[PDB]
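Only one chain comes next, encoded as structure tokens, the form deposited in one PDB entry.
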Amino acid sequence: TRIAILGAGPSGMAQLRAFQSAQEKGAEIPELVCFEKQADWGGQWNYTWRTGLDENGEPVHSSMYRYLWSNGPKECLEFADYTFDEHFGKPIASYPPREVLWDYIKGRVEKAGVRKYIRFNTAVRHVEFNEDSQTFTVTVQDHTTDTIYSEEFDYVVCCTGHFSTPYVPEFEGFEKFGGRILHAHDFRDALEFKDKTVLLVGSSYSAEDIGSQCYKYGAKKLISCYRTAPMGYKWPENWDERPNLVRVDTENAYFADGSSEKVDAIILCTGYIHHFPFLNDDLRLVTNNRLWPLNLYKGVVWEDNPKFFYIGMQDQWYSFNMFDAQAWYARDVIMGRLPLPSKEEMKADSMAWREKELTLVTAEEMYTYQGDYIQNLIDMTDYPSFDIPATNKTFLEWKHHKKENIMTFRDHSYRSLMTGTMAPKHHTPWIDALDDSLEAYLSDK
């Protein structure tokens, strides 16, 4: 049995780990080949100065930027099989910088010894299902040797992400704007916008955080405009909210009310698309970003072809723990431990899940929904169970601290749901901690 894993981000790392964990217990695991286009694993977490296209002409993958910290409480991502105490030995504050979180992430994955399965600097060019042999043709470009080769596989797990191919809407006047226009995906360094007025369009994943990085690092003025429901956050004195953008000229933005302001740069925080150029329509997932995409049994299995799998393709309220559950589930399906219903029943099961999804209004409902999804997957495998209700509860006190004050939510502390450890206060308040580094974070004063 021969399996292909597209991508060495957290999802592909989870899949590898799922298989190593089955084997470490004593089962005989299929051969694993994980193709990764970057020079090293980590996916989104592997930060790069590069933007647009990479050294090989491949789309730059990572959207992460300098000075980024944990989006939510670290206790909400803490791995179900590997604790923050286990890895660091010391208690730490609740919103670690990217570097810190990365060290934690690789700590688990290298203790697992799964690196041996990965082909780096190798981009999946095509995946094709052979009707006659019930096998897959995966065509790959190796950028080290510069050769395009293909090899056959029995199962394929797609772990290539959905936060890398930008949705970039055009607004009337864009060709003439004398300032810089970039998608959030291209944002690297908040110092570039020091003393400048930045217009921030949209309300997708990084809109609120990108703004607050610019603010913290000395932007002159921020303007947020968006089309979704206004979160009543108290913004700082030089942060302005306007109705949606309609047009721009050489140096000005014009909003729906009829007001205008001088704008030095425009960051489109307008989201991403599910994009799989290596896929034909018989295998290609088409969906907007949501809690419940169609055509995926248990949110993981490609319904038109049970031999193909997708990890991490849902909108991510939960992240790392969800990828694990999804991976473990997919592993047990591939290995023959869990038999799949018929296409008809899979489709109908997914419909019940969609119908549930359409019902959700509040943030609490949305976590509970995703928590229940993960609980469902965990129940079917030997994945260790974790305190989902209390994790939901923690997510919700994070949303609460955001509402109280959007600029200081990162100085709050939370109780670990793996070890019960209350996180200590960080030595430096967020606003003042300009230093991005692990070495800064781990030390004192």
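Don't overthink the numbering: it's just position in the shown sequence, from 1. Here, rigid core means the biggest group of C-alpha atoms that superpose within 1.5 Å across both forms.
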Checklist entry - Mean CA B-factor: is it higher for 250-258 or for 302-310? => result 250-258
Item to check | Stretch with the greater mean C-alpha B-factor as recorded in the entry, comparing 62-70 against 394-402 | outcome: 394-402
Checklist entry - Which one of 202, 341, 211, 96 shows the biggest C-alpha B-factor in the PDB entry? => result 341
Checklist outcome for this item: Residue set 141, 238, 326, 319, per-entry CA B-factor max assigned to 238
Checklist outcome for this item: Chain thirds by Cα B factor, record data; residue 293 belongs to the lowest
Checklist entry - Within this chain, which third does the Cα B-factor at residue 215 fall in: lowest, middle or highest? => result middle
Item to check | Third assignment of residue 242 from its chain's C-alpha B-factors | outcome: highest
Checklist entry - Relative to the other modelled residues in the chain, which third contains the C-alpha temperature factor of residue 31: lowest, middle or highest? => result highest
Checklist entry - Mind checking which third residue 411 falls in for C-alpha B-factor across the chain? => result highest
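Although it is not shown, the form deposited in another entry is what the next lines describe.
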Next on the checklist: Superpose on the core and compare between this form and the one not shown; which one of 363, 279, 231, 335 crosses the 2 Å Cα shift mark?
Outcome noted: 231
Checklist entry - Since the CA distance of residue 399 and residue 228 differs by 3 Å or more in the other entry, is it closer or farther than in the form displayed? => result farther
Checklist outcome for this item: With a difference of at least 3 Å, the CA distance of residue 181 and residue 231 in the other entry shows the atoms closer
